Amino acid sequence: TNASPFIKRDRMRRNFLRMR
Amino acid sequence: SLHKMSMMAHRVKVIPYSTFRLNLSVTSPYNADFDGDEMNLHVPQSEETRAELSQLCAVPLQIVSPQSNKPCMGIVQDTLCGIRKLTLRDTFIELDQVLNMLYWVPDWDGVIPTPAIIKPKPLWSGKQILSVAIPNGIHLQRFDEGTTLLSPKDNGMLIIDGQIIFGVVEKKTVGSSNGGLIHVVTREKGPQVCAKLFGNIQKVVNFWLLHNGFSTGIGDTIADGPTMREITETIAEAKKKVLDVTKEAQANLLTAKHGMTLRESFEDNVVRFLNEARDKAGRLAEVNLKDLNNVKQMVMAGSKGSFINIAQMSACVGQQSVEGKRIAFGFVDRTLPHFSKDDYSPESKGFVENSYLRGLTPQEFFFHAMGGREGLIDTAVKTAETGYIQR
Amino acid sequence: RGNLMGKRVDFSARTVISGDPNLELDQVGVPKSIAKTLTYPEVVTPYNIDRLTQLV
Amino acid sequence: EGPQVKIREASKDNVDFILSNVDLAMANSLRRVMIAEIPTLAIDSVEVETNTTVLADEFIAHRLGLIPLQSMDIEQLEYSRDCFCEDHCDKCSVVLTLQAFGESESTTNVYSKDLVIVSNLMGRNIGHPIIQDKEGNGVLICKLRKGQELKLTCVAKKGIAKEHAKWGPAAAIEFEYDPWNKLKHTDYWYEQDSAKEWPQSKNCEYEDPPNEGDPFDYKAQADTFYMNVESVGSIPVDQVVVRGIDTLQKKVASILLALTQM
Amino acid sequence: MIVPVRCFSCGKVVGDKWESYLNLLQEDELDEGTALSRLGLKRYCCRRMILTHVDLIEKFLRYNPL
Amino acid sequence: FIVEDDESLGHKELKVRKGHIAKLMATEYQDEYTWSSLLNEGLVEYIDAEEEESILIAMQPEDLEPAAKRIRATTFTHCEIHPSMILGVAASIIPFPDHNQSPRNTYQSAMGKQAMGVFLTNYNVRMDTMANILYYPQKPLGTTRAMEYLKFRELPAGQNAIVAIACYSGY
Amino acid sequence: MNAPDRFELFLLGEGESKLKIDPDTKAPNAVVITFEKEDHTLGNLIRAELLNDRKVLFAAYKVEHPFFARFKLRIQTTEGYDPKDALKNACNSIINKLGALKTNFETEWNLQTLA
Amino acid sequence: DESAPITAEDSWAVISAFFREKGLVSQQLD
Amino acid sequence: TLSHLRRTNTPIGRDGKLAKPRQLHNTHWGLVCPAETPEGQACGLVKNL
Amino acid sequence: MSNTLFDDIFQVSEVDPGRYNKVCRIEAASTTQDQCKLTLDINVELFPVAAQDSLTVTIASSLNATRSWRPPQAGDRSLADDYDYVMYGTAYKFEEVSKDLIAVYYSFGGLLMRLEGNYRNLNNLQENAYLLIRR
Amino acid sequence: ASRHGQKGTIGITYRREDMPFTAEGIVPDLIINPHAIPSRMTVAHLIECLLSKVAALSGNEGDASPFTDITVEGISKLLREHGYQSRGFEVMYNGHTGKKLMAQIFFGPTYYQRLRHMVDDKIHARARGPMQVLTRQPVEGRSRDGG
RNA sequence: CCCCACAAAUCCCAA
Ligand SMILES: [Zn+2]
Ligand SMILES: [Zn+2]
């Protein structure tokens with residue numbers, strides 16, 4: 001039951017970059 | 001400067017590490033915390049001034065406040081909590097500790113009292129050793145609502161010949177109070193022995209706390225599951241009662257209490273119901289609260305805390321207020337643009353439902369801000385006003 | 001009001017304060033810098049001659 | 001013979017062991033002596049001949065005063081204050097120099113291995129800055145680009161940890177006894193259960209469970225302590241332990257001889 | 001600014017690993033968690049610093065003074 | 001956010017959809033939708049302080065749109081983009097401002113401006129009467145999503161420490 | 001700043017030894033000892049190991065203030081037995097015990113020499 | 001899908017765009 | 001610095017009244033921060049977007 | 001110089017924890033005496049006590065302005081110590097109930113005990129005494 | 001000061017050798033009075049401490065997000081599975097003796113910031129200094145060495 | 001030398 005305790009900027013950057 | 005105190009003479013022991021340094025006991029009369037306060041000094045020049053300053057403005061002959069005929073002095077937060085911790089029937093202590101803390105008392109008689117118990121090991125009650133710091137020839141009886149001379153609840157306090165007999169030390173007994181111990185010793189023996197008493201008590205209790213240690217945390221606040229569920233249903237039934245009263249009002253039949261207007265009676269009734277809900281919930285949360293809790297210990301021990309504090313942290317806050325009249329309709333027919341118009345439900349018109357533990361909701365947050373702002377501004381004006389009156 | 005009933009004075013200081021449970025009521029902790037600066041007059045007696053001489 | 005010792009495991013940097021037949025005071029005193037006054041060597045005074053970097057000077061001085069140095073033979077020399085000399089003779093000092101040039105077009109780093117010994121080493125293994133990593137680069141000091149210069153002269157002197165953290169070799173210590181709380185020195189705060197609300201120490205498996213309802217052994221006494229010692233790297237760990245024991249016993253002998261003199 | 005040396009709380013030397021820590025998050029696309037774990041920081045005192053450090057000399061130096 | 005009462009999919013829905021936000025993310029990561037480009041086609045609308053007396057607002061984009069932690073009509077016209085945006089600059093720094101008393105938040109909001117750290121980067125060149133710069137600033141472990149937009153994480157204020165809540169008997 | 005300085009941590013006092021003697025007038029054979037340039041790291045150990053002896057009556061030590069690296073220690077014992085002899089025997093016990101510990105430690109570590 | 005609704009989390013992207021466009025001192029500048 | 005640009009101020013008086021805009025208002029929702037205010041003789045006067 | 005003032009055997013009715021983890025109030029009735037009543041505070045953690053148990057009590061004025069308590073003297077201590085619960089304290093109040101039944105209240109550091117019975121209207125004390133309990 | 005108005009000053013400073021220390025050997029950076037918690041009634045500070053601890057353990061940086069679904073229970077579960085006491089209480093040792101501390105202590109990382117009021121700027125004393133021209137009284141101002 | 005800003009300091013409570 002983490003309920004999103006953390007957020008990462010560079011990981012989201014890379015994930016959406018590979019998504020594009 | 002406000003009253004005769006905040007003006008006391010002092011002896012000086014010069015210290016490195018440039019700053020001022022003073023005893024915790026005298027904190028309250030100066031009304032000065034350590035949050036970054038600043039403090040003044042004046043040095044006499046002649047001999048007459050020094051003499052009269054020593055004989056009139058010294059602290060030891062300033063213990064009892066003439067303005068309220070009770071001692072303005074008194075031990076404070078840390079040692080108070082600690083001495084409450086020590087003065088419990090369920091505590092004990094070993095040779096190794098007691099030898100040191102006996103040596104800590106400056107005027108210790110150099111005689112060790114016999115252990116209260118011997119069977120496997122000599123031990124001592126906290127009361128037993130603490131009696132040493134008490135000067136001999138003192139007597140005191142309290143008998144507060146329990147105290148059957150064999151006090152099961154251990155409330156009250158009795159001292160014979162400067163030796164504790166039974167009871168738990170409390171701000172109601174050792175703090176600033178009409179029948180306080182400090183009052184008794186000051187009036188009885190001499191208005192400087194009390195200073196040594198302060199020193200001894202502070203020193204020994206601090207030493208014992210050092211090796212005991214005491215703290216608190218989040219787990220202090222969190223409460224039992226089914227109990228907070230009961231809190232929730234109590235809030236719900238209060239809401240149901242409020243809604244029922246509102247329904248009765250909306251059908252034009254009502255008590256219409258003598259004198260005041262229909263709307264006034266409605267507001268009075270709803271406010272009464274909400275306050276009933278809040279304090280009943282707080283009572284339930286408290287009676288839940290475990291006796292091994294730290295914050296409960298702290299609040300019942302005196303110095304800091306309240307029923308209201310734990311209630312607000314654990315169960316509910318209660319509706320914010322703006323000069324009694326609960327939050328009014330800023331916008332037309334509503335208190336906030338997220339609500340339908342013409343609603344009198346407690347949430348619509350600003351009743352804080354949740355508790356600090358879970359955290360508020362945007363609207364409730366705004367209402368809390370309103371209340372805080374009200375308090376801030378009212379004090380920020382009354383200060384200058386009442387200063388003018390005082391002058 | 002600014003000069004007669006209330007005025008600047010001399011032999012004074014002000015700093016920040018902190019607590020200490022090792023110091024009894026009538027005492028107060030003072031930084032040695034102040035003791036260097038703040039002073040107090042004494043008159044020479046046949047009693048304090050030695051101490052004052054050493055102090056000088 | 002007395003306070004027996006059993007070793008758990010060891011590595012280049014840390015040591016774990018068991019300690020038996022000891023009183024609590026002795027173990028705590030050991031902890032404090034390793035953590036407080038083990039003698040070593042560190043940079044103390046710096047001469048900024050010329051700075052050009054964007055970084056401040058005393059900033060750089062403080063950063064320099066923290067790199068560990070090889071200190072196996074520290075006992076050989078003596079304190080500067082106890083030395084009859086003036087201005088840090090070779091018998092009580094070591095001199096270091098740094099030379100950083102902003103030559104390239106990319107940023108250039110400055111590592112501890114850049115600075116070099118200058119004065120006489122007199123044949124004792126002293127003053128070599130430790131390089132822990134496999135890459136031979138000490139801790140980074142500062143960076144330069146194409147226009148900056150640093151000419152630094154440093155003097156390293158004896159010092160001890162307790163007066164300032166520069167000379168701290170330990171930087172990491174651990175302490176345990178009675179993981180099962182059989183001595184009942186402290187209880188456990190708990191909202192619902194004492195057991196579940198707490199985890200189990202890795203030291204639990206060595207001592208037995210509390211026998212599930214045995215009467216409280218009042219006369220039992222603490223022993224069987226659990227030690228973990230990890231050094232910064234300025235000196236081997238067995239060395240720090242033996243040196244701590246040695247300095248403690250030297251202190252005790254000193255007080256005894258002072259008693260005799262009195 | 002330069003990554004601190006000799007972790008405040010414990011005292012273990014920090015900063016030598018910093019540049020290693022960077023490339024671990026660049027060509028190895030690990031998380032900071034496993035990055036430090038392989039880097040070998042059991043205690044979190046040595047670890048808070050690596051997490052929260054903010055380089056500024058990178059911004060400073062890329063001026064062109066003289 | 002503008003909310004269309006009508007919906008072919010059913011009950012009620014705010015006009016914007018997932019495609020638009022996907023395009024926004026794509027535009028951002030390119031390093032061509034702008035906020036203006038959101039404005040033109042009717043997806044968000046400015047509201048002055050006067051209008052609210054004629055608009056109903058939905059706090060959450062899902063609060064009542066379809067048919068323990070904490071406590072949680074059908075004629076909405078606009079939904080708040082995000083509640084945490086009712087703050088200002090300084091209060092945004094406060095972690096979990098909900099979970100503490102409001103005057104204490106006001107005390108912190110006022111006080112934080114009296115904290116050192118960094119104020120620019122050119123300070124080595126920029127003369128001034130007064131200046132404070134600390135050695136090792138640290139971005140706080142706790143944080144909200146907002147101050148990323150405040151560039152705070154880039155230029156932190158203080159550095160976090162390992163605090164202990166205890167009365168260690170003296171001071 | 002013109003205060004007593006940081007050298008009071010360990011740099012021994014000037015013109016005076018590491019200790020001073022004073023006999024208490026409140027109990028027979030009671031002696032208080034003033035120690036300076038040290039703190040708990042020595043006083044706790046000394047007091048505990050002295051209390052280990054049973055021929056001694058009472059021992060205790062305290063530090064007057066964390067500012068000053070000085071502490072006092074009070075001892076009295078049964079008649080005849082001089083306290084100073086007791087404490088010197090205590091120091092002998094300490095040195096012997098720690099020496100045994102050391103020697104055992106090197107023996108162990110050399111035994112545990114890898115491979 | 002592209003016509004799906006928006007989770008409360010997703011709103012942050014809109015905010016990001018809004019700041020990227022407007023800039024904080026927009027009031028004084030404009 | 002950022003918290004000094006988006007700043008406001010109104011003239012009311014030297015000392016101040018105690019039933020007029022110092023206290024927050026419902027209309028202030030979502031336009032002016034409900035906590036970022038100075039305290040003392042200006043509380044509720046200076047306010048922040 | 002050391003003599004017992006009163007001895008008896010008591011049967012405990014029940015034990016009360018009183019939300020205290022280590023101490024518990026106790027109470028018992030005399031066997032040989034049909035009127036002597038007893039209450040007392042006992043450190044159960046230090047010493048197990050069960051309901052429906054026989055107890056033996058002893059006053060023991062002394063042991064065969066006193067000086068400092070001597071360390072346990074690991075050598076011979078040939079005292080009235082062939083019991084378990086040996087402990088010390090002080091009396092503080094006397095009460096005459098039923099015009100015949102005297103009551104004495106003893107304080108033990110923070111612990112308390114109350115004794116009844118009317119035949120030793122003079123044998124019992126003075127302020128302080130000891131207490132001896134076996135098994 | 002913290003991020004929750006809990007201002008204050010330093011009283012004294014110890015060093016590690018006698019500062020209280022935990023099982024893992026961590027020693028705290030600074031310690032404040034527990035009594036400062038309830039009266040001011042700032043709770044969010046403690047949540048910040050707990051979340052910061054768990055974030056440092058996981059390495060993943062935490063979140064505040066004033067109005068969200070994050071509650072204490074998830075934090076406690078995650079911290080517990082990382083291998084610590086769920087509510088953050090910790091065994092604690094007394095540096096002077098090494099004995100167990102009878103109670104337990106809540107203990108973790110927290111953000112602070114240094115303020116503008118250093119004592120050296122605010123210390124000031126005067127004895128027979130310059131006089132004011134108009135009124136022969138002592139002059140004003142610490143900078144001008146006033147009274 | 002004055003005038004204006006700008007900040008601290010009075011940060012509760014009682015049971
Ligand atoms: Zn030399
Ligand atoms: Zn570390």
# chains A, B, ... in the order shown; residues from 1 in each chain; ligands from 1
>>> interface_residues(of="chain B", to="chain G", cutoff="10 Å", atoms="only C-alpha atoms", output="list in words")
residues 14, 15, 16, 17, 18, 95, 96, 97, 98, 99, 100, 101, 102, 103, 104, 108, 109, 110, 111, 112 and 207 of chain B
>>> residues_near_ligand(ligand="ligand 2", cutoff="6 Å", atoms="only C-alpha atoms (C1' of nucleotides) and all ligand atoms", output="short mmCIF file (atom, residue, chain, number, x, y, z; two decimals) with N, CA and C atoms, in the first residue's frame")
data_model
loop_
_atom_site.label_atom_id
_atom_site.label_comp_id
_atom_site.auth_asym_id
_atom_site.auth_seq_id
_atom_site.Cartn_x
_atom_site.Cartn_y
_atom_site.Cartn_z
N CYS E 7 31.35 12.31 5.91
CA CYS E 7 29.95 12.42 6.33
C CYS E 7 29.80 12.94 7.76
N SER E 9 27.46 12.90 10.20
CA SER E 9 27.06 12.06 11.32
C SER E 9 28.13 11.02 11.64
N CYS E 10 28.37 10.10 10.72
CA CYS E 10 29.31 9.03 11.02
C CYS E 10 30.73 9.53 10.87
N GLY E 11 31.10 9.91 9.66
CA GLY E 11 32.46 10.33 9.38
C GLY E 11 33.11 9.61 8.22
N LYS E 12 32.42 8.64 7.64
CA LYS E 12 32.99 7.91 6.51
C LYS E 12 33.24 8.85 5.35
N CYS E 45 23.07 7.72 7.16
CA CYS E 45 23.76 8.99 7.35
C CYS E 45 24.72 9.26 6.21
N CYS E 46 25.44 8.23 5.78
CA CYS E 46 26.33 8.37 4.63
C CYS E 46 25.53 8.51 3.35
#
>>> residues_around(residues="residue 61 (chain E)", least_positions_apart="2", cutoff="8 Å", atoms="only C-alpha atoms (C1' of nucleotides)", output="list in words")
residues 54, 144 and 145 of chain D; 57, 58, 59, 63 and 64 of chain E
>>> residues_near_ligand(ligand="ligand 1", cutoff="8 Å", atoms="only C-alpha atoms (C1' of nucleotides) and all ligand atoms", output="PDB file with N, CA, C and O atoms, in the first residue's frame")
ATOM      1  N   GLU D  78      56.559  13.442  17.426  1.00  0.00           N
ATOM      2  CA  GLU D  78      55.998  14.008  18.641  1.00  0.00           C
ATOM      3  C   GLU D  78      55.169  15.247  18.325  1.00  0.00           C
ATOM      4  O   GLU D  78      55.203  15.781  17.214  1.00  0.00           O
ATOM      5  N   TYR D  79      54.421  15.694  19.330  1.00  0.00           N
ATOM      6  CA  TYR D  79      53.563  16.860  19.195  1.00  0.00           C
ATOM      7  C   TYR D  79      54.393  18.111  18.936  1.00  0.00           C
ATOM      8  O   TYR D  79      55.524  18.251  19.406  1.00  0.00           O
ATOM      9  N   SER D  80      53.808  19.036  18.171  1.00  0.00           N
ATOM     10  CA  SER D  80      54.475  20.309  17.928  1.00  0.00           C
ATOM     11  C   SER D  80      54.637  21.097  19.217  1.00  0.00           C
ATOM     12  O   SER D  80      55.689  21.702  19.455  1.00  0.00           O
ATOM     13  N   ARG D  81      53.607  21.106  20.062  1.00  0.00           N
ATOM     14  CA  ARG D  81      53.669  21.845  21.313  1.00  0.00           C
ATOM     15  C   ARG D  81      54.702  21.280  22.276  1.00  0.00           C
ATOM     16  O   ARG D  81      55.363  22.051  22.979  1.00  0.00           O
ATOM     17  N   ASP D  82      54.859  19.962  22.321  1.00  0.00           N
ATOM     18  CA  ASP D  82      55.824  19.332  23.209  1.00  0.00           C
ATOM     19  C   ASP D  82      57.242  19.391  22.669  1.00  0.00           C
ATOM     20  O   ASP D  82      58.176  19.001  23.376  1.00  0.00           O
ATOM     21  N   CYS D  83      57.425  19.870  21.444  1.00  0.00           N
ATOM     22  CA  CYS D  83      58.731  19.930  20.810  1.00  0.00           C
ATOM     23  C   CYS D  83      59.428  21.227  21.188  1.00  0.00           C
ATOM     24  O   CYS D  83      58.826  22.304  21.154  1.00  0.00           O
ATOM     25  N   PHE D  84      60.706  21.116  21.545  1.00  0.00           N
ATOM     26  CA  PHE D  84      61.518  22.273  21.900  1.00  0.00           C
ATOM     27  C   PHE D  84      61.721  23.230  20.736  1.00  0.00           C
ATOM     28  O   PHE D  84      62.135  24.371  20.960  1.00  0.00           O
ATOM     29  N   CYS D  85      61.437  22.795  19.515  1.00  0.00           N
ATOM     30  CA  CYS D  85      61.698  23.580  18.323  1.00  0.00           C
ATOM     31  C   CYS D  85      60.751  24.768  18.237  1.00  0.00           C
ATOM     32  O   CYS D  85      59.804  24.911  19.013  1.00  0.00           O
ATOM     33  N   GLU D  86      61.024  25.622  17.265  1.00  0.00           N
ATOM     34  CA  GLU D  86      60.062  26.591  16.776  1.00  0.00           C
ATOM     35  C   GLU D  86      59.590  26.152  15.394  1.00  0.00           C
ATOM     36  O   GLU D  86      60.187  25.272  14.769  1.00  0.00           O
ATOM     37  N   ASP D  87      58.464  26.727  14.964  1.00  0.00           N
ATOM     38  CA  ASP D  87      57.880  26.601  13.626  1.00  0.00           C
ATOM     39  C   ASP D  87      58.082  25.237  12.965  1.00  0.00           C
ATOM     40  O   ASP D  87      58.639  25.138  11.867  1.00  0.00           O
ATOM     41  N   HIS D  88      57.614  24.177  13.630  1.00  0.00           N
ATOM     42  CA  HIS D  88      57.337  22.872  13.020  1.00  0.00           C
ATOM     43  C   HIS D  88      58.574  22.282  12.325  1.00  0.00           C
ATOM     44  O   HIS D  88      58.647  22.151  11.106  1.00  0.00           O
ATOM     45  N   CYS D  89      59.552  21.914  13.150  1.00  0.00           N
ATOM     46  CA  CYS D  89      60.683  21.175  12.609  1.00  0.00           C
ATOM     47  C   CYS D  89      60.209  19.840  12.035  1.00  0.00           C
ATOM     48  O   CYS D  89      59.073  19.405  12.242  1.00  0.00           O
ATOM     49  N   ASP D  90      61.108  19.177  11.309  1.00  0.00           N
ATOM     50  CA  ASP D  90      60.783  17.895  10.703  1.00  0.00           C
ATOM     51  C   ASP D  90      60.426  16.821  11.720  1.00  0.00           C
ATOM     52  O   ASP D  90      59.697  15.887  11.373  1.00  0.00           O
ATOM     53  N   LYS D  91      60.907  16.925  12.956  1.00  0.00           N
ATOM     54  CA  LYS D  91      60.582  15.917  13.954  1.00  0.00           C
ATOM     55  C   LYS D  91      59.126  15.958  14.388  1.00  0.00           C
ATOM     56  O   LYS D  91      58.667  15.022  15.046  1.00  0.00           O
ATOM     57  N   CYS D  92      58.391  17.021  14.056  1.00  0.00           N
ATOM     58  CA  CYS D  92      57.003  17.144  14.480  1.00  0.00           C
ATOM     59  C   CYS D  92      56.112  17.748  13.403  1.00  0.00           C
ATOM     60  O   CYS D  92      55.120  18.403  13.732  1.00  0.00           O
ATOM     61  N   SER D  93      56.432  17.549  12.130  1.00  0.00           N
ATOM     62  CA  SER D  93      55.626  18.135  11.072  1.00  0.00           C
ATOM     63  C   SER D  93      55.879  17.419   9.758  1.00  0.00           C
ATOM     64  O   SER D  93      56.895  16.745   9.573  1.00  0.00           O
TER      65      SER D  93
END
>>> residues_around(residues="residue 44 (chain G)", least_positions_apart="2", cutoff="10 Å", atoms="only C-alpha atoms (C1' of nucleotides)", output="VMD selection string")
(chain D and resid 24 to 26 28 to 29) or (chain G and resid 39 to 42 46 to 50 60 to 62) or (chain K and resid 96 to 97)
>>> residues_around(residues="residue 53 (chain F)", least_positions_apart="3", cutoff="8 Å", atoms="only C-alpha atoms (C1' of nucleotides)", output="PyMOL selection string")
(chain B and resi 331-332+337) or (chain F and resi 50)
>>> residues_around(residues="region 2-14 of chain H", least_positions_apart="4", cutoff="10 Å", atoms="only C-alpha atoms (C1' of nucleotides)", output="ChimeraX atom specification")
/F:13-25,28,34-35,38,60-63,80-82,145-146 /H:18-20 /K:68
>>> interface_residues(of="chain K", to="chain L", cutoff="12 Å", atoms="only C-alpha atoms (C1' of nucleotides)", output="list in words")
residues 5, 6, 7, 8, 36, 39, 40, 41, 115, 116, 117, 122, 133 and 134 of chain K
>>> write_last_selection(atoms="C-alpha atoms", output="mmCIF file, in the first residue's frame")
data_model
loop_
_atom_site.group_PDB
_atom_site.id
_atom_site.type_symbol
_atom_site.label_atom_id
_atom_site.label_comp_id
_atom_site.auth_asym_id
_atom_site.auth_seq_id
_atom_site.Cartn_x
_atom_site.Cartn_y
_atom_site.Cartn_z
ATOM 1 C CA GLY K 5 7.574 27.528 13.061
ATOM 2 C CA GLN K 6 9.384 25.491 15.722
ATOM 3 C CA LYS K 7 12.097 28.123 16.112
ATOM 4 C CA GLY K 8 14.872 27.946 18.672
ATOM 5 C CA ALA K 36 7.681 21.555 22.320
ATOM 6 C CA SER K 39 1.505 22.849 23.138
ATOM 7 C CA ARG K 40 2.382 24.327 19.760
ATOM 8 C CA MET K 41 0.476 21.357 18.307
ATOM 9 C CA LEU K 115 18.436 32.083 10.406
ATOM 10 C CA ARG K 116 19.724 35.659 10.237
ATOM 11 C CA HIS K 117 20.372 36.378 13.910
ATOM 12 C CA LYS K 122 23.568 41.268 18.810
ATOM 13 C CA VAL K 133 26.039 66.665 21.781
ATOM 14 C CA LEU K 134 22.643 68.238 22.440
#
>>> closest_atom_pairs(of="chain D", to="chain J", cutoff="9 Å", atoms="only C-alpha atoms", output="tab-separated table")
residue	atom	partner	partner_atom	distance
D:215	CA	J:48	CA	8.3
D:216	CA	J:45	CA	7.2
D:218	CA	J:46	CA	7.7
>>> decode(residues="region 40-96 of chain D", atoms="C-alpha atoms", output="tab-separated table (two decimals), in the first residue's frame")
chain	number	residue	atom	x	y	z
D	40	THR	CA	46.61	10.29	14.05
D	41	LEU	CA	47.77	12.94	11.58
D	42	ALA	CA	45.90	15.47	9.45
D	43	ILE	CA	46.53	18.69	7.54
D	44	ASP	CA	46.33	21.68	9.86
D	45	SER	CA	47.82	24.82	8.30
D	46	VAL	CA	47.67	25.87	4.67
D	47	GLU	CA	49.44	28.56	2.64
D	48	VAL	CA	47.40	29.93	-0.26
D	49	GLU	CA	50.14	31.16	-2.57
D	50	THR	CA	47.70	31.93	-5.38
D	51	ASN	CA	44.06	31.10	-6.03
D	52	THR	CA	42.04	31.71	-9.18
D	53	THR	CA	39.25	29.13	-8.99
D	54	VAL	CA	35.61	30.07	-8.48
D	55	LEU	CA	35.75	28.40	-5.08
D	56	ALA	CA	36.62	30.35	-1.95
D	57	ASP	CA	39.97	29.99	-0.22
D	58	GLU	CA	39.22	29.08	3.39
D	59	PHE	CA	36.57	26.84	1.87
D	60	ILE	CA	39.36	24.94	0.14
D	61	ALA	CA	41.38	24.97	3.36
D	62	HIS	CA	38.55	23.33	5.27
D	63	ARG	CA	38.13	20.75	2.53
D	64	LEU	CA	41.85	19.98	2.66
D	65	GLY	CA	41.78	19.59	6.42
D	66	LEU	CA	39.58	16.52	6.04
D	67	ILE	CA	41.36	14.12	3.66
D	68	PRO	CA	42.74	11.19	5.67
D	69	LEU	CA	46.46	10.53	5.59
D	70	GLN	CA	48.60	7.46	6.11
D	71	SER	CA	49.33	7.30	9.82
D	72	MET	CA	50.81	3.87	10.62
D	73	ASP	CA	53.98	5.36	12.12
D	74	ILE	CA	52.30	8.28	13.89
D	75	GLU	CA	53.79	7.28	17.25
D	76	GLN	CA	57.29	7.91	15.89
D	77	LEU	CA	57.13	11.70	15.85
D	78	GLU	CA	56.00	14.01	18.64
D	79	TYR	CA	53.56	16.86	19.19
D	80	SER	CA	54.48	20.31	17.93
D	81	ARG	CA	53.67	21.85	21.31
D	82	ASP	CA	55.82	19.33	23.21
D	83	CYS	CA	58.73	19.93	20.81
D	84	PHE	CA	61.52	22.27	21.90
D	85	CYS	CA	61.70	23.58	18.32
D	86	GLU	CA	60.06	26.59	16.78
D	87	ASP	CA	57.88	26.60	13.63
D	88	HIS	CA	57.34	22.87	13.02
D	89	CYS	CA	60.68	21.17	12.61
D	90	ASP	CA	60.78	17.90	10.70
D	91	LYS	CA	60.58	15.92	13.95
D	92	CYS	CA	57.00	17.14	14.48
D	93	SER	CA	55.63	18.13	11.07
D	94	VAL	CA	55.05	17.10	7.47
D	95	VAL	CA	54.77	19.47	4.52
D	96	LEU	CA	52.46	19.04	1.55
